[PDB]
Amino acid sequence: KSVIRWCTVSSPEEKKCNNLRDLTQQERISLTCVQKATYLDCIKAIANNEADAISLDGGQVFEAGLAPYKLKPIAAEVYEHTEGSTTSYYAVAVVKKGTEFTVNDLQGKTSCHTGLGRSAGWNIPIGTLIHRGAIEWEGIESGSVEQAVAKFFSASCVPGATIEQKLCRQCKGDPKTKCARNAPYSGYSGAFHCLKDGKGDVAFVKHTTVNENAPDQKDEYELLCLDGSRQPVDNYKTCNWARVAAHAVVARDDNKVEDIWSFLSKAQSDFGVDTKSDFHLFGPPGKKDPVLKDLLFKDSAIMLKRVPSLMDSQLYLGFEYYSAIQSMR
């Protein structure tokens, strides 16, 4: 059919899509918006030929490429801060300059994480240490990864932990709320202030966190590299634990792919970052309300680039990211 069914997951998203539909109705390939409840119902619908495309972040792209769905990324967002590359950010392990331990000596240290279940603060560092054999965890009937992590760090602040009391021990706040998901130490900046205040030896955050929170104090900090070195905060490209890819549009591997990309390439041409139209494919940025943010594509995206036909989800996400999330399941 020369109809692309975009899958949407909220009513403001569903609205943006019907506006792009009105705006492209007289093009030969047309748009039609399907709304489902969650992104997972959208993966099942694309898989079952009920819809054809949706933009997913990296963990959701992992999910969409596994059996039985087997969707692959076909185009990916580009952002200003990562300069032509299909990368959202790099996960790094920030330490104070002058401590001497390397990644070989992490056992028994205290740590700061953004929260339980988050990419840079929990899924990438802990799946990397499990994959490399530093943390032993064989699977959920063992129990939670919280127990395995508690035999590795001596105490931590992990916002959102519920199984192990040591995982909340380094957290700031009164007893009732120090380990809540919205604690004083949650998020990228929270896990950095945990490191700054000496409550942990390592903060698992992203490559921009020190520059955002402490621009004027970068050289008090270093990065812990997976090869044994410690490098400057600005050396994240050669000293990160994993690259977290850009959001990608996933689709069934079948020849409707050139049609989706043909639709997207004209849509971007007319309504991309430099459009004089009122409809913007990408944002613009500055929507304060979460329900109004990043509808269809990220508001910060500046274009979409076609993913080579031979990259599947593993190749798109990269080995470090992939083998770390694979270890968390």
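Numbering starts at 1 and follows the sequence shown.
Note on 198-206 vs 175-183: mean CA B-factor is higher in 175-183.
Look at the C-alpha B-factors of 74-82 and of 143-151. On average they run higher in 143-151. Of the candidates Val273, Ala51, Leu304, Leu295, the deposited coordinates give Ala51 the top C-alpha B factor. Looking at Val61, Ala267, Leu31, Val291, the one whose CA carries the top B-factor in the deposited record is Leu31.
Remark: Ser55 belongs to the middle third of its chain, ranked by C-alpha B-factor as recorded. Among the modelled residues of its chain, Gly283 has a C-alpha B-factor that falls in the lowest third, as given in the PDB entry. In the PDB entry, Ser323 places in the lowest third of its chain by CA B-factor. Among all modelled residues in this chain, the alpha-carbon of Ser88 has a temperature factor (C-alpha) in the lowest third. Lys256: CA B factor lies in the highest third for its chain, per the PDB record.
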